[PDB]
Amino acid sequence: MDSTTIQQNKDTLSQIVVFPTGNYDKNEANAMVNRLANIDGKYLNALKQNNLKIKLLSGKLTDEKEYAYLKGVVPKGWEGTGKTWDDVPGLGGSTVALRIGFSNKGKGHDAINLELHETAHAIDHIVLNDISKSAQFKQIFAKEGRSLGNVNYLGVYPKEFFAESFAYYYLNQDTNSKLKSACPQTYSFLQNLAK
């Protein structure tokens, strides 16, 4: 996106993103907002319309009262790892909650970018009526769903392949080009969705 579109999307995000009370790196929180601002504005305005909040967290997910119910619960695909949601830095779906500082791949999660993956889940569910379960996307997923790797997770769960593809499409020009090369039908699907 051009600098002016980024600023417009950041203004929209000022009424979506909620910053935490506790201590955190303000510059890194701002960088996360900047990355979210690359998401197409139509989706951001629709999240705002639904009063979805992107809660940035100063600590563990399960230390927020609304996620205490996840204390000790093992995420799907994480069985046998000894890890629980207490160790997971982001969640997305009907809500979005994200630990500041944990954006990059490998910061306790496997996504190319935490905030884009989790926000993609919310866009899928809230804005797009679970499009990752649509017949069109199921056909694409059957063909391309392993082509971002993590074959036994992304290749098995279309909601996760959708969220990861969305993150690749919107993070930066490199990941956007990688998605087009590896998953051309997914790329065209996302490009058309934003038209």
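Throughout, we count residues from 1 along the sequence that is shown.
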Q) Out of 114 to 122 and 83 to 91, which one has CA B-factors that are higher on average in the deposited record? A) 83 to 91
**Q.** Stretch with the higher entry mean CA B-factor, where the candidates are 3 to 11 and 184 to 192
**A.** 3 to 11
Q.
Given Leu56, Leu148, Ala135, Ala163, identify the residue with the highest C-alpha B factor in the PDB entry.
A. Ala135
**Q.** Top Cα B factor in the deposited entry, candidates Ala37, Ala31, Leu47, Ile131
**A.** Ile131
Q: Give the position of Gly108 by CA B-factor within its chain, expressed as the lowest, middle or highest third.
A: middle
Q: Would you mind ranking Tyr69 by its C-alpha B-factor against the rest of the chain and naming the third, lowest, middle or highest?
A: highest
Q: Could you tell me which third, lowest, middle or highest, the C-alpha B-factor of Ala167 occupies within its chain?
A: lowest
Q: Could you look up the Cα B-factor of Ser177 in the entry and say which third of the chain it sits in: lowest, middle or highest?
A: middle
